[PDB]
Amino acid sequence: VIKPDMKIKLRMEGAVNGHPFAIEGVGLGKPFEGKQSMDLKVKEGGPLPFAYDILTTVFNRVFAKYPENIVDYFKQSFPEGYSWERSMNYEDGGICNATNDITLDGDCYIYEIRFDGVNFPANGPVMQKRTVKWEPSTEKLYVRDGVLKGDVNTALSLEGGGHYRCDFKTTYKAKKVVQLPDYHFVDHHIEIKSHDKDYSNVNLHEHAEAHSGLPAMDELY
Amino acid sequence: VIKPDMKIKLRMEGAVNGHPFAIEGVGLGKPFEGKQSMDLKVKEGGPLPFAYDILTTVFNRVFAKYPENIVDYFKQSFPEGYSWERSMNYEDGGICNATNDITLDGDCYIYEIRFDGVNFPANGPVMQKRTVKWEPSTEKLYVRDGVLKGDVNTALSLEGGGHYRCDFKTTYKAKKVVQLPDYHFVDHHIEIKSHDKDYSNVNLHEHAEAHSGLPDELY
Amino acid sequence: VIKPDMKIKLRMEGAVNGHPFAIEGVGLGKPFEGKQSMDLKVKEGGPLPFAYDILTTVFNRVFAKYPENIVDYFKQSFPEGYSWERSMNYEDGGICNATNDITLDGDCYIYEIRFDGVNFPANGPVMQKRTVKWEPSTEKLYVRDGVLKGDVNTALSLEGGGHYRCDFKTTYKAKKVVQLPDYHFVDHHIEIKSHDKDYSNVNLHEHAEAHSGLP
Amino acid sequence: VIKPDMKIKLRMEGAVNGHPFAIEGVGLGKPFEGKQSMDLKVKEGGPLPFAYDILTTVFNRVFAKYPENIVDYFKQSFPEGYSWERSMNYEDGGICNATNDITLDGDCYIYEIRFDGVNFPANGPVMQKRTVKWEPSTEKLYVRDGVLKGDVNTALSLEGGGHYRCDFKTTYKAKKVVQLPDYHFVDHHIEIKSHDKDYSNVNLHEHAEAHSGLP
């Protein structure tokens with residue numbers, strides 16, 4: 001169903017602490033290698049008054065390299081696709097709720113995304129854009145009530161040292177009856193390679209791999 | 001600026017588990033008695049596939065009886081108004097973020113409300129309409145970083161008995177420099193007096209009073 | 001069962017951020033007025049290098065004024081008694097777990113308390129003793145899993161102004177089966193009325209009345 | 001001058017939901033391979049009425065293979081040692097507070113451990129011991145105000161399928177000023193390899209290596 005090279009087109013509508021914005025984007029990736037890149041740009045609400053890193057992870061776990069021994073919940077959902085919902089709980093009390101509907105049209109994944117962040121205080125690193133980058137992460141994926149769940153705790157590196165902690169709790173809902181996997185991990189590394197002054201344009205890359213944890217195939221042969 | 005009798009008008013757009021809906025409403029209340037009434041009507045996404053009670057609390061702190069000794073942050077905020085944000089943390093992980101921008105036009109308040117709930121599981125009492133009502137609450141209101149915040153932990157009663165807990169953390173942002181108050185409380189009681197089968201029409205009542213905690217002079 | 005005037009005797013053992021201490025205390029109160037006072041003294045590990053207010057709340061719903069319309073779970077559990085467990089999660093990451101075993105010996109309540117706090121940062125207001133007092137609170141009490149639970153989220157006022165909030169999760173387990181109440185609330189006001197510089201002696205008061213909220 | 005093979009001696013005192021217990025243990029491991037095993041016997045409060053898996057993780061991140069590019073905080077803290085504090089919050093409300101004071105005596109690590117768990121409900125999988133094993137994990141270690149921190153959120157596989165989640169919040173405090181490392185991870189795998197009916201005897205294994213995540 002899925003070629004080695006596919007395209008991405010998306011649109012995100014949302015608000016942060018009550019001020020609306022919208023962002024559209026187009027990009028490419030390869031699902032069997034867990035790598036993807038995209039070009040995003042603010043089309044409403046610009047220039048955005050919050051740190052851009054708050055959106056990076058909301059911008060499709062199909063771009064995760066899955067080994068044969070682990071069941072792929074994502075590539076198994078197509079051509080029908082899947083949707084996901086997520087609430088990102090920040091350390092300072094800022095909460096971001098997100099939704100993404102993923103569909104397939106030939107070689108392009110289409111995302112309908114909604115984003116709502118609240119209770120970010122004026123002095124925090126989000127309202128004042130003091131974030132640098134998300135550090136690499138490790139997601140825990142488990143089955144609960146027939147649905148695939150994703151748990152991550154991670155942080156954002158700040159200018160001048162330190163980390164800003166966030167708790168991810170994702171629910172993955174495939175649109176068709178699919179084979180569920182066992183408890184496993186997905187490692188993540190998200191990166192904005194290039195952007196402009198006000199982040200009206202962003203170059204975003206993400207590499208992701210799935211694994212079982214501490215077990216290797218390295219038998220020197 | 002504020003009559004003892006005022007009117008309410010508002011429209012809410014939002015989504016629950018990714019399924020959009022919209023609701024508009026109009027009503028009246030008494031700001032100095034902490035009581036208000038509303039009639040709410042669904043306009044999109046109906047019939048709603050989730051328990052209605054999660055929107056009741058999103059549907060104004062000006063309807064709170066404030067004693068002279070406690071500074072009222074809300075009535076001070078008018079005629080220019082205030083906005084507020086809130087996260088509602090449900091005990092099983094469903095989280096609802098809500099937004100409300102308030103203005104006043106003559107004698108009526110207009111609310112621009114946004115509501116977004118996620119990670120509500122299929123088997124829970126929100127997706128399966130297993131809630132009965134909100135219990136009365138007591139909100140803790142405090143100042144942090146120049147704005148008034150409101151914290152309340154409360155619960156929802158279920159059919160077969162029991163309670164479903166939710167944590168509210170509200171940020172009130174007044175648009176006009178205002179006098180901040182001391183640590184205080186607001187007692188709450190929300191009720192839906194009448195609704196229809198699919199909850200496509202709802203009558204909502206709320207009574208609220210402010211106090212300073214444990215303090216009759218027969219005179 | 002409970003006379004209008006009784007006294008309290010207690011001992012608390014515990015540690016905060018890994019450093020042990022012990023405290024005993026004696027005091028009295030009136031259960032039908034929800035008021036009680038006690039005199040506590042540090043007996044081990046003193047002087048305590050953490051804010052004293054984090055232990056205050058841990059040293060007995062028996063001192064709560066209950067109206068006829070609300071079931072009193074505590075005075076009804078006596079003379080057999082009850083135990084309780086609680087976790088206190090502070091906004092900055094410090095967690096305090098405590099237990100209190102309540103017994104009655106004639107006219108006195110005897111407390112066997114355990115208290116354990118961890119993950120308090122050096123610069124926070126507990127390690128730098130930056131608390132003034134607990135603000136008055138309102139506890140929400142409900143039955144869950146056949147047992148009565150009490151939830152409170154309150155805060156501690158700080159010196160330079162501001163509040164440090166805490167999440168309370170209490171479990172009340174009567175030692176003998178007692179008739180359960182419905183959802184209701186209890187308002188609390190606790191205060192250290194007199195103490196010495198190192199808090200080796202503390203006079204602590206608590207006033208409490210029970211209600212069913214706004215009609 | 002700390003060898004590839006070391007010995008472990010350990011004692012734990014604590015309580016769960018108010019009922020006291022004690023456990024002693026002896027074991028061995030290789031800190032440069034991230035492998036260790038130990039034998040643990042109950043000494044007080046036995047037979048334990050709660051799931052044993054909640055204590056396994058309290059039973060020393062010196063047993064982690066650290067690559068050269070990552071700073072070892074733990075092997076640098078010896079021979080003076082270090083201490084750690086931790087909270088463990090389970091999704092159903094049971095919370096466990098623990099402390100470990102680590103010591104070195106020749107070639108043996110000595111643990112002084114305190115453990116306190118509260119609010120574990122009767123029907124939950126801990127009081128009815130329906131836990132099977134901890135799933136493998138990955139801990140996030142970062143510095144926050146001059147101290148090394150460890151964050152890991154996991155679950156416990158339940159018997160009959162499903163997972164019971166826990167959030168770990170550890171504070172690592174070396175008793176000697178040491179070089180702090182940058183953001184990095186430690187992968188874990190713990191197994192109760194042998195045990196008794198009521199768990200009066202347990203042989204416990206842990207494998208651990210540190211890494212910097214995906215490139």
# chains A, B, ... in the order shown; residues from 1 in each chain; ligands from 1

$ residues_around --residues "residue 25 of chain B" --least-positions-apart "5" --cutoff "6 Å" --atoms "only C-alpha atoms" --output "MDAnalysis selection string"
chainID B and resid 9:10 39:40

$ closest_atom_pairs --of "chain C" --to "chain D" --cutoff "12 Å" --atoms "only C-alpha atoms" --output "Markdown table"
| residue | atom | partner | partner_atom | distance |
| --- | --- | --- | --- | --- |
| C:13 | CA | D:14 | CA | 11.7 |
| C:14 | CA | D:114 | CA | 9.8 |
| C:15 | CA | D:114 | CA | 9.0 |
| C:16 | CA | D:99 | CA | 9.6 |
| C:17 | CA | D:85 | CA | 6.6 |
| C:18 | CA | D:99 | CA | 5.9 |
| C:19 | CA | D:99 | CA | 9.4 |
| C:20 | CA | D:114 | CA | 10.2 |
| C:82 | CA | D:18 | CA | 11.9 |
| C:83 | CA | D:18 | CA | 8.5 |
| C:84 | CA | D:18 | CA | 8.4 |
| C:85 | CA | D:118 | CA | 6.2 |
| C:86 | CA | D:118 | CA | 6.6 |
| C:87 | CA | D:118 | CA | 6.9 |
| C:88 | CA | D:95 | CA | 10.0 |
| C:89 | CA | D:95 | CA | 9.9 |
| C:92 | CA | D:169 | CA | 11.9 |
| C:93 | CA | D:169 | CA | 8.5 |
| C:94 | CA | D:87 | CA | 8.7 |
| C:95 | CA | D:87 | CA | 7.1 |
| C:96 | CA | D:97 | CA | 8.0 |
| C:97 | CA | D:118 | CA | 6.6 |
| C:98 | CA | D:118 | CA | 7.7 |
| C:99 | CA | D:18 | CA | 6.2 |
| C:100 | CA | D:18 | CA | 8.1 |
| C:101 | CA | D:18 | CA | 8.2 |
| C:102 | CA | D:18 | CA | 11.9 |
| C:112 | CA | D:18 | CA | 10.0 |
| C:113 | CA | D:18 | CA | 9.2 |
| C:114 | CA | D:18 | CA | 8.1 |
| C:115 | CA | D:116 | CA | 8.6 |
| C:116 | CA | D:116 | CA | 7.0 |
| C:117 | CA | D:97 | CA | 7.3 |
| C:118 | CA | D:85 | CA | 5.9 |
| C:119 | CA | D:85 | CA | 6.0 |
| C:120 | CA | D:171 | CA | 9.1 |
| C:121 | CA | D:145 | CA | 8.4 |
| C:122 | CA | D:145 | CA | 8.7 |
| C:123 | CA | D:145 | CA | 8.6 |
| C:124 | CA | D:145 | CA | 10.9 |
| C:144 | CA | D:121 | CA | 9.6 |
| C:145 | CA | D:121 | CA | 7.6 |
| C:146 | CA | D:122 | CA | 9.5 |
| C:147 | CA | D:121 | CA | 9.2 |
| C:148 | CA | D:121 | CA | 11.6 |
| C:149 | CA | D:119 | CA | 9.8 |
| C:150 | CA | D:119 | CA | 11.5 |
| C:151 | CA | D:93 | CA | 11.9 |
| C:168 | CA | D:119 | CA | 11.3 |
| C:169 | CA | D:119 | CA | 8.0 |
| C:170 | CA | D:119 | CA | 7.7 |
| C:171 | CA | D:119 | CA | 6.6 |
| C:172 | CA | D:119 | CA | 9.9 |
| C:173 | CA | D:17 | CA | 10.6 |

$ select_by_dssp --residues "segment 2-214 of chain D" --states "alpha helix (DSSP H)" --output "ChimeraX atom specification"
/D:53-56

$ write_last_selection --atoms "N, CA, C and O atoms" --output "PDB file, in the first residue's frame"
ATOM      1  N   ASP D  53       7.048  -6.529  43.366  1.00  0.00           N
ATOM      2  CA  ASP D  53       7.646  -5.780  42.268  1.00  0.00           C
ATOM      3  C   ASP D  53       7.782  -4.293  42.577  1.00  0.00           C
ATOM      4  O   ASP D  53       8.596  -3.615  41.942  1.00  0.00           O
ATOM      5  N   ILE D  54       7.017  -3.771  43.540  1.00  0.00           N
ATOM      6  CA  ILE D  54       7.121  -2.356  43.881  1.00  0.00           C
ATOM      7  C   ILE D  54       8.398  -2.027  44.637  1.00  0.00           C
ATOM      8  O   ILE D  54       8.757  -0.848  44.737  1.00  0.00           O
ATOM      9  N   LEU D  55       9.102  -3.032  45.164  1.00  0.00           N
ATOM     10  CA  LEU D  55      10.337  -2.795  45.904  1.00  0.00           C
ATOM     11  C   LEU D  55      11.588  -3.083  45.091  1.00  0.00           C
ATOM     12  O   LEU D  55      12.658  -2.561  45.426  1.00  0.00           O
ATOM     13  N   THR D  56      11.470  -3.903  44.044  1.00  0.00           N
ATOM     14  CA  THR D  56      12.624  -4.338  43.260  1.00  0.00           C
ATOM     15  C   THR D  56      13.494  -3.167  42.815  1.00  0.00           C
ATOM     16  O   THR D  56      14.722  -3.208  42.945  1.00  0.00           O
TER      17      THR D  56
END

$ residues_around --residues "residue 126 of chain A" --least-positions-apart "4" --cutoff "12 Å" --atoms "only C-alpha atoms" --output "ChimeraX atom specification"
/A:16-17,48-55,90-96,117-122,130-133,156-158,164-166

$ residues_around --residues "residue 176 of chain D" --least-positions-apart "5" --cutoff "10 Å" --atoms "only C-alpha atoms" --output "PyMOL selection string"
chain D and resi 76-82

$ closest_residue --among "C:182, C:51, C:207, C:192" --to "residue 69 of chain C" --atoms "only C-alpha atoms"
C:182

$ atom_distance --atom1 "atom CA of residue 199 of chain A" --atom2 "atom CA of residue 104 of chain A"
28.1 Å

$ closest_residue --among "B:155, B:178, B:8, B:95" --to "chain A" --atoms "only C-alpha atoms"
B:95

$ closest_atom_pairs --of "chain A" --to "chain B" --cutoff "10 Å" --atoms "only C-alpha atoms" --output "CSV"
residue,atom,partner,partner_atom,distance
A:15,CA,B:114,CA,9.3
A:16,CA,B:99,CA,9.6
A:17,CA,B:85,CA,6.6
A:18,CA,B:99,CA,6.0
A:19,CA,B:99,CA,9.6
A:83,CA,B:18,CA,8.6
A:84,CA,B:18,CA,8.4
A:85,CA,B:118,CA,5.9
A:86,CA,B:118,CA,6.4
A:87,CA,B:118,CA,6.7
A:88,CA,B:95,CA,9.9
A:89,CA,B:95,CA,9.8
A:93,CA,B:169,CA,8.6
A:94,CA,B:87,CA,8.7
A:95,CA,B:87,CA,7.1
A:96,CA,B:97,CA,8.0
A:97,CA,B:118,CA,6.6
A:98,CA,B:118,CA,7.5
A:99,CA,B:18,CA,6.0
A:100,CA,B:18,CA,7.9
A:101,CA,B:18,CA,8.2
A:112,CA,B:18,CA,10.0
A:113,CA,B:18,CA,9.3
A:114,CA,B:18,CA,8.3
A:115,CA,B:116,CA,8.7
A:116,CA,B:116,CA,7.1
A:117,CA,B:97,CA,7.5
A:118,CA,B:85,CA,5.9
A:119,CA,B:85,CA,6.1
A:120,CA,B:171,CA,9.2
A:121,CA,B:145,CA,7.7
A:122,CA,B:145,CA,7.8
A:123,CA,B:145,CA,7.8
A:144,CA,B:121,CA,9.2
A:145,CA,B:122,CA,7.9
A:146,CA,B:122,CA,9.7
A:147,CA,B:121,CA,9.3
A:149,CA,B:119,CA,9.6
A:169,CA,B:119,CA,7.9
A:170,CA,B:119,CA,7.2
A:171,CA,B:119,CA,6.2
A:172,CA,B:119,CA,9.5

$ interface_residues --of "chain A" --to "chain D" --cutoff "9 Å" --atoms "only C-alpha atoms" --output "PyMOL selection string"
chain A and resi 135-138+140+142-144+151-154+162-163+183-185+187-189+207-209+212-215

$ write_last_selection --atoms "N, CA, C and O atoms" --output "compact mmCIF listing (two decimals), in the first residue's frame"
# COMPACT_ATOMS: atom_id res chain seq x y z
N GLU A 135 15.10 17.65 23.15
CA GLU A 135 16.14 16.65 23.15
C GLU A 135 15.55 15.33 22.66
O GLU A 135 14.33 15.13 22.72
N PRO A 136 16.37 14.41 22.15
CA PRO A 136 15.85 13.10 21.74
C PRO A 136 15.04 12.44 22.84
O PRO A 136 15.25 12.69 24.03
N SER A 137 14.11 11.58 22.44
CA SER A 137 13.21 10.97 23.40
C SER A 137 13.09 9.47 23.15
O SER A 137 13.72 8.90 22.25
N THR A 138 12.26 8.85 23.98
CA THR A 138 11.90 7.44 23.88
C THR A 138 10.44 7.33 24.29
O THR A 138 10.08 7.75 25.40
N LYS A 140 6.92 5.21 25.07
CA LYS A 140 6.41 3.90 25.42
C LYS A 140 5.02 3.72 24.86
O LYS A 140 4.11 4.52 25.12
N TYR A 142 1.83 1.11 24.42
CA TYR A 142 1.19 0.00 25.09
C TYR A 142 -0.26 -0.05 24.65
O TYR A 142 -0.83 0.94 24.18
N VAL A 143 -0.87 -1.22 24.81
CA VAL A 143 -2.26 -1.41 24.45
C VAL A 143 -3.10 -1.18 25.70
O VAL A 143 -2.78 -1.69 26.78
N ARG A 144 -4.16 -0.40 25.55
CA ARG A 144 -5.14 -0.23 26.60
C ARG A 144 -6.49 -0.04 25.93
O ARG A 144 -6.65 0.87 25.11
N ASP A 151 3.14 6.94 25.51
CA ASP A 151 3.55 7.72 26.66
C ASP A 151 4.98 8.18 26.44
O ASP A 151 5.84 7.37 26.08
N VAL A 152 5.23 9.47 26.65
CA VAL A 152 6.58 10.02 26.58
C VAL A 152 6.71 11.07 27.68
O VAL A 152 5.79 11.86 27.90
N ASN A 153 7.83 11.06 28.38
CA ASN A 153 8.27 12.21 29.16
C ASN A 153 9.55 12.70 28.51
O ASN A 153 10.42 11.90 28.15
N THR A 154 9.62 14.00 28.24
CA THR A 154 10.79 14.59 27.61
C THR A 154 10.93 16.03 28.09
O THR A 154 10.22 16.48 28.99
N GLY A 162 19.57 24.15 31.18
CA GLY A 162 18.35 23.71 31.83
C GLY A 162 17.42 23.01 30.86
O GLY A 162 17.61 23.00 29.64
N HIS A 163 16.38 22.39 31.43
CA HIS A 163 15.42 21.65 30.63
C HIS A 163 14.01 21.97 31.11
O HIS A 163 13.77 22.22 32.29
N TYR A 183 4.02 -4.47 24.18
CA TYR A 183 4.75 -3.34 24.76
C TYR A 183 6.11 -3.17 24.08
O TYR A 183 6.89 -4.11 23.99
N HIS A 184 6.38 -1.94 23.63
CA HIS A 184 7.61 -1.67 22.88
C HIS A 184 7.95 -0.19 22.98
O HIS A 184 7.24 0.59 23.64
N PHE A 185 9.03 0.20 22.31
CA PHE A 185 9.55 1.56 22.36
C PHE A 185 9.72 2.13 20.96
O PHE A 185 9.88 1.39 19.99
N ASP A 187 12.15 5.41 19.59
CA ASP A 187 13.08 6.48 19.90
C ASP A 187 12.87 7.64 18.93
O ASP A 187 12.65 7.43 17.74
N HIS A 188 12.94 8.86 19.44
CA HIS A 188 12.68 10.04 18.65
C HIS A 188 13.68 11.12 18.74
O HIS A 188 14.19 11.39 19.80
N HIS A 189 13.90 11.78 17.62
CA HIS A 189 14.79 12.94 17.57
C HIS A 189 14.17 13.92 16.58
O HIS A 189 14.11 13.63 15.38
N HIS A 207 13.65 11.87 12.80
CA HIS A 207 14.09 10.50 12.62
C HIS A 207 13.58 9.70 13.81
O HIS A 207 13.67 10.16 14.96
N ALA A 208 13.05 8.51 13.55
CA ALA A 208 12.39 7.74 14.60
C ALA A 208 12.58 6.25 14.33
O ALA A 208 12.48 5.80 13.18
N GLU A 209 12.83 5.49 15.39
CA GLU A 209 13.05 4.06 15.30
C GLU A 209 12.35 3.33 16.43
O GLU A 209 12.26 3.84 17.55
N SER A 212 12.75 -2.97 21.10
CA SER A 212 12.20 -3.70 22.26
C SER A 212 12.81 -3.37 23.59
O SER A 212 12.31 -3.72 24.62
N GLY A 213 13.93 -2.71 23.55
CA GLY A 213 14.53 -2.32 24.78
C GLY A 213 15.80 -3.03 25.00
O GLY A 213 16.51 -3.35 24.10
N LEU A 214 16.11 -3.22 26.24
CA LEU A 214 17.33 -3.98 26.48
C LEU A 214 17.09 -5.45 26.15
O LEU A 214 16.30 -6.11 26.84
N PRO A 215 17.77 -6.01 25.14
CA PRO A 215 17.63 -7.40 24.68
C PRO A 215 18.22 -8.42 25.65
O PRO A 215 18.44 -8.08 26.82

$ interface_residues --of "chain B" --to "chain C" --cutoff "12 Å" --atoms "only C-alpha atoms" --output "NGL selection string"
:B and (34 or 134-158 or 161-169 or 181-191 or 206-215)

$ atom_distance --atom1 "atom CA of residue 129 of chain C" --atom2 "atom CA of residue 204 of chain C"
17.3 Å

$ select_by_dssp --residues "segment 49-95 of chain D" --states "strand (DSSP E or B)" --output "list in words"
residues 65, 82, 83, 84, 85, 86, 87, 88, 89, 90 and 95 of chain D

$ write_last_selection --atoms "C-alpha atoms" --output "PDB file, in the first residue's frame"
ATOM      1  CA  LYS D  65      27.742   0.668  31.476  1.00  0.00           C
ATOM      2  CA  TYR D  82      26.191   9.281  47.073  1.00  0.00           C
ATOM      3  CA  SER D  83      22.552   9.246  48.138  1.00  0.00           C
ATOM      4  CA  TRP D  84      19.293   9.296  46.219  1.00  0.00           C
ATOM      5  CA  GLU D  85      15.638  10.078  46.873  1.00  0.00           C
ATOM      6  CA  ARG D  86      12.711   9.020  44.741  1.00  0.00           C
ATOM      7  CA  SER D  87       9.007   9.163  44.419  1.00  0.00           C
ATOM      8  CA  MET D  88       6.986   6.601  42.526  1.00  0.00           C
ATOM      9  CA  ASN D  89       3.490   7.578  41.498  1.00  0.00           C
ATOM     10  CA  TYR D  90       1.213   4.826  40.220  1.00  0.00           C
ATOM     11  CA  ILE D  95       2.667   6.498  45.718  1.00  0.00           C
TER      12      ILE D  95
END

$ atom_distance --atom1 "atom CA of residue 132 of chain C" --atom2 "atom CA of residue 57 of chain C"
13.8 Å

$ residues_around --residues "residue 5 of chain D" --least-positions-apart "3" --cutoff "10 Å" --atoms "only C-alpha atoms" --output "tab-separated table (two decimals) with N, CA and C atoms, in the first residue's frame"
chain	number	residue	atom	x	y	z
D	2	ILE	N	38.31	0.65	42.04
D	2	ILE	CA	37.07	-0.06	42.33
D	2	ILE	C	36.95	-1.15	41.27
D	28	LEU	N	25.86	-9.37	44.19
D	28	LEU	CA	27.08	-9.06	43.45
D	28	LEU	C	26.72	-8.48	42.09
D	29	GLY	N	27.69	-7.81	41.48
D	29	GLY	CA	27.49	-7.32	40.13
D	29	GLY	C	28.78	-6.80	39.54
D	30	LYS	N	28.68	-6.33	38.30
D	30	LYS	CA	29.81	-5.73	37.59
D	30	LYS	C	29.40	-4.34	37.13
D	31	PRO	N	29.92	-3.28	37.76
D	31	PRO	CA	29.47	-1.93	37.42
D	31	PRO	C	29.81	-1.51	36.00
D	32	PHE	N	30.82	-2.11	35.39
D	32	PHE	CA	31.28	-1.74	34.07
D	32	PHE	C	30.56	-2.52	32.99
D	33	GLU	N	29.63	-3.39	33.37
D	33	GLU	CA	28.78	-4.11	32.45
D	33	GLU	C	27.31	-3.82	32.69
D	36	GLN	N	23.94	-6.87	37.68
D	36	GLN	CA	24.00	-7.12	39.11
D	36	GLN	C	22.92	-8.12	39.47
D	107	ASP	N	35.32	-3.47	48.96
D	107	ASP	CA	34.79	-3.88	47.66
D	107	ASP	C	33.28	-4.12	47.70
D	108	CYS	N	32.60	-3.63	48.74
D	108	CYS	CA	31.18	-3.89	48.92
D	108	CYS	C	30.41	-2.58	48.99

$ residues_around --residues "segment 36-45 of chain A" --least-positions-apart "4" --cutoff "6 Å" --atoms "only C-alpha atoms" --output "count of residues only"
17

$ decode --residues "segment 149-161 of chain B" --atoms "N, CA and C atoms" --output "PDB file, in the first residue's frame"
ATOM      1  N   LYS B 149      -5.650  33.542  39.692  1.00  0.00           N
ATOM      2  CA  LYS B 149      -5.782  32.153  39.295  1.00  0.00           C
ATOM      3  C   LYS B 149      -6.852  31.499  40.152  1.00  0.00           C
ATOM      4  N   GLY B 150      -7.510  30.498  39.582  1.00  0.00           N
ATOM      5  CA  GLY B 150      -8.544  29.781  40.293  1.00  0.00           C
ATOM      6  C   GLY B 150      -8.334  28.289  40.187  1.00  0.00           C
ATOM      7  N   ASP B 151      -8.196  27.629  41.332  1.00  0.00           N
ATOM      8  CA  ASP B 151      -7.972  26.193  41.394  1.00  0.00           C
ATOM      9  C   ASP B 151      -9.139  25.539  42.116  1.00  0.00           C
ATOM     10  N   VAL B 152      -9.678  24.479  41.526  1.00  0.00           N
ATOM     11  CA  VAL B 152     -10.697  23.670  42.182  1.00  0.00           C
ATOM     12  C   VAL B 152     -10.501  22.226  41.745  1.00  0.00           C
ATOM     13  N   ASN B 153     -10.551  21.318  42.712  1.00  0.00           N
ATOM     14  CA  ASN B 153     -10.672  19.897  42.439  1.00  0.00           C
ATOM     15  C   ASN B 153     -12.096  19.489  42.775  1.00  0.00           C
ATOM     16  N   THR B 154     -12.760  18.814  41.846  1.00  0.00           N
ATOM     17  CA  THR B 154     -14.151  18.464  42.073  1.00  0.00           C
ATOM     18  C   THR B 154     -14.414  17.097  41.453  1.00  0.00           C
ATOM     19  N   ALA B 155     -15.682  16.702  41.412  1.00  0.00           N
ATOM     20  CA  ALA B 155     -16.014  15.378  40.922  1.00  0.00           C
ATOM     21  C   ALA B 155     -17.390  15.392  40.276  1.00  0.00           C
ATOM     22  N   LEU B 156     -17.675  14.311  39.558  1.00  0.00           N
ATOM     23  CA  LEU B 156     -18.949  14.091  38.892  1.00  0.00           C
ATOM     24  C   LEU B 156     -19.555  12.799  39.416  1.00  0.00           C
ATOM     25  N   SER B 157     -20.809  12.864  39.852  1.00  0.00           N
ATOM     26  CA  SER B 157     -21.510  11.677  40.326  1.00  0.00           C
ATOM     27  C   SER B 157     -21.967  10.819  39.149  1.00  0.00           C
ATOM     28  N   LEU B 158     -21.862   9.502  39.312  1.00  0.00           N
ATOM     29  CA  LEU B 158     -22.179   8.518  38.283  1.00  0.00           C
ATOM     30  C   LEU B 158     -23.527   7.855  38.572  1.00  0.00           C
ATOM     31  N   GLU B 159     -24.050   7.108  37.587  1.00  0.00           N
ATOM     32  CA  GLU B 159     -25.343   6.452  37.782  1.00  0.00           C
ATOM     33  C   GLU B 159     -25.286   5.493  38.963  1.00  0.00           C
ATOM     34  N   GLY B 160     -24.487   4.440  38.837  1.00  0.00           N
ATOM     35  CA  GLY B 160     -24.373   3.399  39.846  1.00  0.00           C
ATOM     36  C   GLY B 160     -23.685   3.825  41.127  1.00  0.00           C
ATOM     37  N   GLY B 161     -23.638   5.123  41.396  1.00  0.00           N
ATOM     38  CA  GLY B 161     -22.941   5.619  42.561  1.00  0.00           C
ATOM     39  C   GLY B 161     -21.470   5.848  42.268  1.00  0.00           C
TER      40      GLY B 161
END
